[PDB]
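Enquirer: Dropping the structure in here first, questions after.
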Amino acid sequence: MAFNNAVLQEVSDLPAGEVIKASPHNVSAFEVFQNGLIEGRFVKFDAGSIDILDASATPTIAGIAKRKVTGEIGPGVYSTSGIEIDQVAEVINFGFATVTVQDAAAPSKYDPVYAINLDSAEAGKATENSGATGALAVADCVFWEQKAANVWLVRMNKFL
Amino acid sequence: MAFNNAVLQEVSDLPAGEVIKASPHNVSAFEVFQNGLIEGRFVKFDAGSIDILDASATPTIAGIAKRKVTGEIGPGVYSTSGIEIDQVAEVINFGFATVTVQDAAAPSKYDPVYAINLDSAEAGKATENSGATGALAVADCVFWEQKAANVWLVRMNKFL
Amino acid sequence: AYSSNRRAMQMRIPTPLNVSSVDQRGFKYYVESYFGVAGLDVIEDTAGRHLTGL
Amino acid sequence: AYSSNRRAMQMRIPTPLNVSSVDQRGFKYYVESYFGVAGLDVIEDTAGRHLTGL
């Protein structure tokens, strides 16, 4: 159908899955990954492949799925075997990066980031509330500032 | 041995003590060291000097000893008092760096890096085997990818 | 009540009326004329509004 | 195995490929092409033979 949101009230800030390159930053390419890897989410590393967060024991959070500016137009999705095939999964593991947050979450600066660990659409979403279902403490990462609607720029103190 | 590997069916892959500059990296020069510091090996800071790991209990591990690419042809060794004299022991302490891996070690990506804290030539060699003898965890340091024969790119997440 | 701005909606007529050359079979002349239309391409949904049953 | 002698085997292509001019009616174009050709002229029945199953 027509273009969504003809006129927006404010200019939306950084979309999720984006890394600021003024600060020190590292986005590292993983060749093997999971089809349908949502961008702008925390992604885990399992069996030598970058895949979506899902209920597990203690997933190895490898960082934030980088949003490709020159990727396919559509939902933020990493795809294999299509016209929109993405050869590698670009993952932001160091620096300031934008991640979607649970719509219930209301975080603030220097709050410890919690990723979502569920087999649902909310997989890989950040949050401040640790009592949220499937709240996984991401090691050494803090919310920095609210960029967009339900998107927060967080800071990964060390590599993820 | 005379010019080992006369002909190779593939170009040799990255040697140890080599840090990739494409990412946030840091090699920091230490003006005093120990004679016989092996390049491409975990070094430790003790008594105000960089030196090869030995029988110590809880060494403060500086980082991978950087391989002086325009140093001496021969063993990758730091040396005082010679024509082969290196004034400063430049040491890689942040980012992706190549370290020699124990000949018996079979690591994989995101595997925590243990360094052999022994008094031998196997001192400072990286291994994934926690159960290996004389090895301590190099906290905040993971394996990234097998570069060369018994050489691995590891990731020092924080300033090591 | 709508907006006539080009960025709000357009009338896409991809192939404007073109008339075929006249065919003459003996003394029977015949022409076709086709035009290809996308139609009203409404660029943006809220660029108009309705009032039904006036 | 056959004989290529003109007194024993000939290929007869009287009319080559003759393609018509494109007839247009309205927007529909139609072209036709005829070629008149005789088959292989095997003048003598014994100018060849077959090995069936090699």
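Please note that chains go A, B, ... in the order of the structure tokens, that every chain numbers its residues from 1, and that ligands are numbered from 1 in the order shown.
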Do me a favour and pick out the residues of chain C within 10 Å of chain D, using only C-alpha atoms, as an MDAnalysis selection string.
Expert: chainID C and resid 19:25 29:34
Enquirer: Limited to C-alpha atoms, could you put the picked residues into a file as an mmCIF file, in the first residue's frame?
Expert:
```
data_model
loop_
_atom_site.group_PDB
_atom_site.id
_atom_site.type_symbol
_atom_site.label_atom_id
_atom_site.label_comp_id
_atom_site.auth_asym_id
_atom_site.auth_seq_id
_atom_site.Cartn_x
_atom_site.Cartn_y
_atom_site.Cartn_z
ATOM 1 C CA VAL C 19 -3.140 5.132 -32.111
ATOM 2 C CA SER C 20 -2.059 2.326 -34.409
ATOM 3 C CA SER C 21 -1.357 2.914 -38.067
ATOM 4 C CA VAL C 22 -4.478 2.544 -40.177
ATOM 5 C CA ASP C 23 -4.891 -0.978 -41.545
ATOM 6 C CA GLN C 24 -6.413 -1.268 -45.022
ATOM 7 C CA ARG C 25 -7.665 -4.727 -45.985
ATOM 8 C CA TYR C 29 -9.903 0.369 -42.577
ATOM 9 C CA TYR C 30 -9.227 -0.577 -38.970
ATOM 10 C CA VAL C 31 -7.347 1.063 -36.090
ATOM 11 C CA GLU C 32 -6.784 0.180 -32.468
ATOM 12 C CA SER C 33 -5.688 2.553 -29.736
ATOM 13 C CA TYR C 34 -4.440 1.411 -26.343
#
```
Enquirer: Could you pull out the strand (DSSP E) residues of segment 38-75 of chain A, going by DSSP on the backbone, and write them as a tab-separated table (two decimals) with N, CA, C and O atoms, in the first residue's frame?
Expert:
```tsv
chain	number	residue	atom	x	y	z
A	38	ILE	N	17.12	-10.66	12.74
A	38	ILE	CA	16.59	-9.31	12.82
A	38	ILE	C	17.71	-8.33	13.13
A	38	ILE	O	18.51	-8.56	14.05
A	42	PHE	N	20.12	-7.76	19.80
A	42	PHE	CA	21.23	-8.56	20.28
A	42	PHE	C	21.18	-9.93	19.62
A	42	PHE	O	20.11	-10.53	19.48
A	43	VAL	N	22.34	-10.41	19.18
A	43	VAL	CA	22.44	-11.69	18.49
A	43	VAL	C	23.41	-12.57	19.26
A	43	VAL	O	24.41	-12.09	19.79
A	44	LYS	N	23.09	-13.85	19.36
A	44	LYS	CA	23.94	-14.79	20.07
A	44	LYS	C	24.78	-15.58	19.08
A	44	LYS	O	24.53	-15.60	17.87
A	45	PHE	N	25.82	-16.22	19.61
A	45	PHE	CA	26.72	-17.05	18.84
A	45	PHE	C	26.55	-18.48	19.32
A	45	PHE	O	26.82	-18.79	20.48
A	46	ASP	N	26.10	-19.36	18.43
A	46	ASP	CA	25.84	-20.74	18.79
A	46	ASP	C	26.29	-21.66	17.67
A	46	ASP	O	26.02	-21.37	16.50
A	49	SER	N	27.83	-20.01	14.66
A	49	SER	CA	26.99	-19.23	13.76
A	49	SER	C	26.28	-18.15	14.55
A	49	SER	O	25.88	-18.36	15.70
A	50	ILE	N	26.12	-16.99	13.92
A	50	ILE	CA	25.41	-15.87	14.53
A	50	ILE	C	23.92	-16.06	14.30
A	50	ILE	O	23.45	-16.09	13.16
A	51	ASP	N	23.16	-16.21	15.39
A	51	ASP	CA	21.74	-16.47	15.26
A	51	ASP	C	20.96	-15.66	16.29
A	51	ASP	O	21.53	-14.98	17.15
A	52	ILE	N	19.64	-15.72	16.16
A	52	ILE	CA	18.76	-14.88	16.97
A	52	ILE	C	18.71	-15.41	18.40
A	52	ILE	O	18.78	-16.62	18.63
A	60	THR	N	25.89	-16.82	24.30
A	60	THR	CA	27.07	-15.99	24.11
A	60	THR	C	26.67	-14.79	23.27
A	60	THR	O	26.63	-14.87	22.04
A	61	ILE	N	26.36	-13.68	23.93
A	61	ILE	CA	25.94	-12.49	23.21
A	61	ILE	C	27.13	-11.95	22.43
A	61	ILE	O	28.12	-11.50	23.01
A	62	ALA	N	27.03	-12.00	21.10
A	62	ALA	CA	28.12	-11.56	20.24
A	62	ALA	C	27.97	-10.13	19.78
A	62	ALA	O	28.81	-9.65	19.02
A	63	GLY	N	26.92	-9.44	20.20
A	63	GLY	CA	26.76	-8.05	19.83
A	63	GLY	C	25.41	-7.71	19.25
A	63	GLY	O	24.41	-8.40	19.50
A	64	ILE	N	25.37	-6.65	18.45
A	64	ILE	CA	24.13	-6.10	17.92
A	64	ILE	C	24.17	-6.22	16.41
A	64	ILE	O	25.14	-5.79	15.77
A	65	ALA	N	23.13	-6.80	15.83
A	65	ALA	CA	23.06	-6.99	14.39
A	65	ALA	C	23.04	-5.64	13.68
A	65	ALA	O	22.07	-4.90	13.78
```
Enquirer: So these two share a sequence; what Cα RMSD do you get laying chain A over chain B, all Cα, in order, least squares?
Expert: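 After least-squares fitting, the two copies differ by 0.8 Å C-alpha RMSD.
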Enquirer: Mind pulling up the distance from atom CA of residue 35 of chain C to atom CA of residue 8 of chain C?
Expert: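 Atom-to-atom, atom CA of residue 8 of chain C and atom CA of residue 35 of chain C are spaced 23.7 Å apart.
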Enquirer: Can you give me the C-alpha RMSD, to one decimal in Å, for chain D fitted onto chain C with all Cα atoms paired in order?
Expert: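 That gives an RMSD of 1.2 Å.
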Enquirer: Which residues are close to residue 102 of chain A, i.e. within 9 Å by only C-alpha atoms, leaving aside same-chain residues fewer than 5 positions away? Reply as a PyMOL selection string.
Expert: chain A and resi 116+122+125-128+150-151
Enquirer: Compile the residues of chain B that lie within 9 Å of chain A, evaluated using only C-alpha atoms, and express the compilation as a list in words.
Expert: residues 22, 23, 24, 95, 108, 109, 110, 140, 155, 156, 157, 158 and 159 of chain B
Enquirer: Excluding same-chain residues fewer than 3 positions from residue 43 of chain C, what lies within 7 Å of it counting only C-alpha atoms, as JSON, numbers by chain?
Expert: {"A": [2, 3], "C": [7, 8, 9]}
Enquirer: Could the residues in this selection be saved with N, CA, C and O atoms as an mmCIF file, in the first residue's frame?
Expert:
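Done, and the output landed in part-v9.cif:
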```
data_model
loop_
_atom_site.group_PDB
_atom_site.id
_atom_site.type_symbol
_atom_site.label_atom_id
_atom_site.label_comp_id
_atom_site.auth_asym_id
_atom_site.auth_seq_id
_atom_site.Cartn_x
_atom_site.Cartn_y
_atom_site.Cartn_z
ATOM 1 N N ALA A 2 0.247 2.416 0.241
ATOM 2 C CA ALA A 2 0.930 3.694 0.105
ATOM 3 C C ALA A 2 2.099 3.797 1.084
ATOM 4 O O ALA A 2 2.302 2.947 1.950
ATOM 5 N N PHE A 3 2.898 4.847 0.915
ATOM 6 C CA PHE A 3 3.972 5.108 1.857
ATOM 7 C C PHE A 3 3.407 5.261 3.258
ATOM 8 O O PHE A 3 2.435 5.987 3.473
ATOM 9 N N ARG C 7 3.823 15.350 -4.741
ATOM 10 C CA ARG C 7 4.301 14.433 -3.717
ATOM 11 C C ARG C 7 3.174 13.807 -2.914
ATOM 12 O O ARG C 7 3.442 12.924 -2.095
ATOM 13 N N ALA C 8 1.932 14.241 -3.116
ATOM 14 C CA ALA C 8 0.792 13.706 -2.385
ATOM 15 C C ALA C 8 0.032 12.656 -3.171
ATOM 16 O O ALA C 8 -0.352 11.628 -2.610
ATOM 17 N N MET C 9 -0.203 12.899 -4.456
ATOM 18 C CA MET C 9 -0.769 11.894 -5.336
ATOM 19 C C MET C 9 -0.517 12.321 -6.767
ATOM 20 O O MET C 9 -0.403 13.512 -7.062
#
```
Enquirer: As a PyMOL selection string, could you give me every residue of chain A near chain C (at most 10 Å apart, counting only C-alpha atoms)?
Expert: chain A and resi 1-7
Enquirer: How far is it from atom CA of residue 130 of chain A to atom CA of residue 139 of chain B, in Å with one decimal?
Expert: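 If I compute the distance from atom CA of residue 130 of chain A to atom CA of residue 139 of chain B, I get 25.3 Å.
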Enquirer: Could you tell me how far atom CA of residue 104 of chain A lies from atom CA of residue 69 of chain A, in Å and to one decimal?
Expert: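 It comes out at 27.7 Å.
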Enquirer: Could you give me, as a short mmCIF file (atom, residue, chain, number, x, y, z; two decimals) with N, CA and C atoms, in the first residue's frame, the residues within 8 Å of residue 19 of chain A, counting only C-alpha atoms and dropping anything in the same chain fewer than 2 positions from it?
Expert:
```
data_model
loop_
_atom_site.label_atom_id
_atom_site.label_comp_id
_atom_site.auth_asym_id
_atom_site.auth_seq_id
_atom_site.Cartn_x
_atom_site.Cartn_y
_atom_site.Cartn_z
N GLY A 17 20.22 -0.82 15.34
CA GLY A 17 21.26 -1.49 14.58
C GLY A 17 22.23 -0.56 13.90
N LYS A 21 30.51 6.13 14.63
CA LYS A 21 31.92 5.90 14.34
C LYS A 21 32.81 7.04 14.80
N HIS A 25 34.86 1.89 17.91
CA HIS A 25 33.76 1.05 17.51
C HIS A 25 34.30 -0.12 16.71
N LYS A 66 24.11 -5.32 12.96
CA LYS A 66 24.20 -4.02 12.32
C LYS A 66 23.17 -3.91 11.21
N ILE A 92 27.67 -5.53 15.39
CA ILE A 92 28.36 -4.48 16.14
C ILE A 92 28.71 -5.04 17.51
N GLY A 95 31.53 -0.39 21.07
CA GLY A 95 31.23 1.02 20.93
C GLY A 95 29.81 1.39 21.27
N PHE A 96 29.32 2.48 20.70
CA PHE A 96 27.94 2.91 20.88
C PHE A 96 27.11 2.38 19.72
N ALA A 97 26.00 1.73 20.03
CA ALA A 97 25.18 1.15 18.99
C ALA A 97 23.72 1.18 19.42
N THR A 98 22.83 1.27 18.45
CA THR A 98 21.41 1.43 18.70
C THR A 98 20.71 0.08 18.64
#
```
Enquirer: Can you pull out the residues contacting residue 16 of chain A? Cut-off 8 Å, using only C-alpha atoms, and skip same-chain residues under 3 positions away; I want them as a list in words.
Expert: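 Once the adjacent positions are removed, what remains is residues 39, 40, 41, 67, 97, 98, 99, 100, 148, 151, 152 and 153 of chain A.
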Enquirer: Go ahead and save the residues from that selection, with N, CA, C and O atoms, as a PDB file, in the first residue's frame.
Expert:
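Once everything was written out, this is selection-v7.pdb:
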```
ATOM      1  N   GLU A  39      17.784  -7.253  12.360  1.00  0.00           N
ATOM      2  CA  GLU A  39      18.757  -6.214  12.637  1.00  0.00           C
ATOM      3  C   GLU A  39      18.294  -5.358  13.807  1.00  0.00           C
ATOM      4  O   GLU A  39      17.114  -5.326  14.161  1.00  0.00           O
ATOM      5  N   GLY A  40      19.246  -4.656  14.407  1.00  0.00           N
ATOM      6  CA  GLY A  40      18.949  -3.841  15.568  1.00  0.00           C
ATOM      7  C   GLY A  40      18.554  -4.638  16.786  1.00  0.00           C
ATOM      8  O   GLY A  40      17.745  -4.170  17.593  1.00  0.00           O
ATOM      9  N   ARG A  41      19.108  -5.833  16.942  1.00  0.00           N
ATOM     10  CA  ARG A  41      18.815  -6.688  18.077  1.00  0.00           C
ATOM     11  C   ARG A  41      20.112  -7.319  18.550  1.00  0.00           C
ATOM     12  O   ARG A  41      21.088  -7.402  17.804  1.00  0.00           O
ATOM     13  N   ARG A  67      22.495  -2.771  11.159  1.00  0.00           N
ATOM     14  CA  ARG A  67      21.569  -2.477  10.078  1.00  0.00           C
ATOM     15  C   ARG A  67      22.358  -2.025   8.858  1.00  0.00           C
ATOM     16  O   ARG A  67      23.151  -1.083   8.942  1.00  0.00           O
ATOM     17  N   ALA A  97      26.003   1.729  20.033  1.00  0.00           N
ATOM     18  CA  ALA A  97      25.175   1.155  18.989  1.00  0.00           C
ATOM     19  C   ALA A  97      23.721   1.179  19.424  1.00  0.00           C
ATOM     20  O   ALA A  97      23.414   1.093  20.610  1.00  0.00           O
ATOM     21  N   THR A  98      22.830   1.274  18.447  1.00  0.00           N
ATOM     22  CA  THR A  98      21.408   1.430  18.698  1.00  0.00           C
ATOM     23  C   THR A  98      20.715   0.077  18.639  1.00  0.00           C
ATOM     24  O   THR A  98      20.894  -0.676  17.681  1.00  0.00           O
ATOM     25  N   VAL A  99      19.921  -0.221  19.660  1.00  0.00           N
ATOM     26  CA  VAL A  99      19.224  -1.490  19.787  1.00  0.00           C
ATOM     27  C   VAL A  99      17.775  -1.209  20.153  1.00  0.00           C
ATOM     28  O   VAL A  99      17.489  -0.261  20.894  1.00  0.00           O
ATOM     29  N   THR A 100      16.853  -2.003  19.614  1.00  0.00           N
ATOM     30  CA  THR A 100      15.463  -1.851  20.007  1.00  0.00           C
ATOM     31  C   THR A 100      15.299  -2.230  21.468  1.00  0.00           C
ATOM     32  O   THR A 100      16.031  -3.067  21.997  1.00  0.00           O
ATOM     33  N   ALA A 148      15.490   6.711  19.106  1.00  0.00           N
ATOM     34  CA  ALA A 148      14.235   6.730  18.372  1.00  0.00           C
ATOM     35  C   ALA A 148      13.134   6.123  19.232  1.00  0.00           C
ATOM     36  O   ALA A 148      13.337   5.798  20.402  1.00  0.00           O
ATOM     37  N   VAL A 151      13.929   2.662  20.539  1.00  0.00           N
ATOM     38  CA  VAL A 151      15.308   2.390  20.160  1.00  0.00           C
ATOM     39  C   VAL A 151      16.212   3.204  21.068  1.00  0.00           C
ATOM     40  O   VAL A 151      16.019   4.415  21.215  1.00  0.00           O
ATOM     41  N   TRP A 152      17.190   2.546  21.678  1.00  0.00           N
ATOM     42  CA  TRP A 152      18.126   3.206  22.571  1.00  0.00           C
ATOM     43  C   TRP A 152      19.542   2.980  22.077  1.00  0.00           C
ATOM     44  O   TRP A 152      19.895   1.873  21.668  1.00  0.00           O
ATOM     45  N   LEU A 153      20.343   4.036  22.090  1.00  0.00           N
ATOM     46  CA  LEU A 153      21.769   3.901  21.866  1.00  0.00           C
ATOM     47  C   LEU A 153      22.403   3.467  23.175  1.00  0.00           C
ATOM     48  O   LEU A 153      22.328   4.190  24.174  1.00  0.00           O
TER      49      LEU A 153
END
```
